[PDB]
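The same protein chain appears twice below, in two forms, each given on its own as structure tokens and labelled structure 1 and structure 2.
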Structure 1
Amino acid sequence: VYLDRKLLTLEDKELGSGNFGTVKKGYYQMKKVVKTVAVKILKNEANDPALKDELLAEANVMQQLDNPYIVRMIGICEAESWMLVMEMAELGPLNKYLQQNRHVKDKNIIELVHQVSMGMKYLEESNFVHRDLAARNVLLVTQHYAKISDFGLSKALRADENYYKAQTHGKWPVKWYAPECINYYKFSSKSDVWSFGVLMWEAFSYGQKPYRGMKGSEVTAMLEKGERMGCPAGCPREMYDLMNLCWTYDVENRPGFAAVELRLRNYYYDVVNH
């Protein structure tokens, strides 16, 4: 899990930046081949142990996961700052991709969202909750290969519980959260199915932001009235029906990822045949 700073070559070009610090492209020397990587680098502006613990917890989740539809961690490095080294997904975030490639076919979008459902079926089987499942957190290897990333808010579920109960509300992606998350601070794999519904909406809307113009509180009020976002232009009815089913208010009656992946799998094969 511990990498050698000597074997890592970082580019001066920064891929992105957040409050945690920066993300840079690089290459890591393996036993023989060189591997292209994406490196999350902590900001060493002010000494903060909270960011360090968050990065180490994220590394601990990623280490436990092994699936073709989840970003693989190479390891961690302690040098100029704390670094999390990941296998590079060259084409980047799904929302930004679709915003820049507006002629991507509905068949290709179905293919990518089904790949995300296969990854989520595996996380559910593994008893991990993602807690930040959104189009911005789906990364593209190619135009036909999506992976789930950003395990920053993820939790390994306790052996005696089907959900994680958050102690205090923090800076949350509220527009992607289910009513039991907002009302009871409870996060399950079914809560992640709700987020997946929002992710599907974003993908069929070519990366448009969900609940445009609205505040978090207005969304909660809208959902409580039984209202849901409309069908995006050109989105197949079967895909909009699936979004609405992910948006089941009551967590007990909402489907799990096994049911959602199967529904997406059969629709995809039907589209392939046409």
Structure 2
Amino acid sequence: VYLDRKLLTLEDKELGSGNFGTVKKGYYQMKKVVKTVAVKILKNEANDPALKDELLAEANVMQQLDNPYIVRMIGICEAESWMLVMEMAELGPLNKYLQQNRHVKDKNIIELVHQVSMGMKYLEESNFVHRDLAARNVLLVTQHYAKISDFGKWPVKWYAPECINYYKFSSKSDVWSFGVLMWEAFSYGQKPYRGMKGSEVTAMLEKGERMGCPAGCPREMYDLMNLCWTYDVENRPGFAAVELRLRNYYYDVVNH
């Protein structure tokens, strides 16, 4: 639950930078072995007791969410600053990985997005709405093991129309984001709606227009992105339906 700072070694290089924290790679001593971890060090400049409350609440939320397809919590550590200790996904975000590894097979991409649907089906079942599902928020443990993470101005290009218009956030608006995620993945981490303003994307979507099928993307997978992009929220699938369609496809295509 609560970790001993003496058992925690921090590297001075930053994996992430933010207004309320700095992420650093570390090592947590465990009897015989040492476990590589990612550490959010609370930056409370600031200087409120509610910021610490938020970190402790996130820790409680994370404790409840236990699934192999989400960045899992190791524990909390109170030292020079408050620290949240998480497992390390050594390859970093899915977008950057794919921009540098054009050799990734489309069979390997089906497996990754299915794993993302599995973790999102879990979050849906636990009544948890992500709100920032994108490729940059999918971190790789290995090339065959994806984990969902969550690191004013909004990520409009991943937003469902009911989020832009009425601020209605649900698991079904996370489904829309999943479809933008799938597009980013088969496009080898290229930016969705490249060079468009958020306002331009809203207008395009209202004309019934959607992003084209990436090069080499299987047709069944593009058909699924399009169903994730259903304008009417009531007709849009949930993650139970999405995961089941990806599971079947993985069972058919990837078995070997």
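All residue numbers here follow the sequence of structure 1, with the first residue given the number 1. Just so we're on the same page, rigid core means the largest C-alpha set that superposes within 1.5 Å between forms.
Novice: Only one of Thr220, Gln29, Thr248, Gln208 crosses a C-alpha shift of 2 angstroms between structure 1 and structure 2, counting 2 angstroms or more, core aligned. Which residue?
Specialist: It is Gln29.
Novice: Taking the rigid core as the reference frame, tell me whether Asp106 has a CA displacement of 2 angstroms or more between structure 1 and structure 2.
Specialist: After core superposition, the C-alpha of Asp106 moves less than 2 Å between structure 1 and structure 2.
Novice: When the two forms are laid on each other by their rigid core, does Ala50 show a Cα shift of 2 Å or more between structure 1 and structure 2?
Specialist: Superposed on the core, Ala50 moves its C-alpha 2 Å or more between structure 1 and structure 2.
Novice: After the core is matched up, is the C-alpha of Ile41 off by 2 Å or more between structure 1 and structure 2?
Specialist: Yes: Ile41 shifts by at least 2 Å between structure 1 and structure 2.
Novice: What is the magnitude, in angstrom, of the C-alpha shift at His144 between structure 1 and structure 2 when the rigid core serves as the superposition reference?
Specialist: Taking the core as reference, the C-alpha of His144 is shifted 0.4 Å.
Novice: Any chance you could measure the C-alpha shift of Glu78 between structure 1 and structure 2 with the core superposed, in Å?
Specialist: Here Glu78 registers a C-alpha shift of 4.1 Å.
Novice: Upon rigid core superposition, what is the positional shift of the Cα of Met62 between structure 1 and structure 2, expressed in Å to one decimal?
Specialist: Reported C-alpha shift between structure 1 and structure 2: 1.9 Å at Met62.
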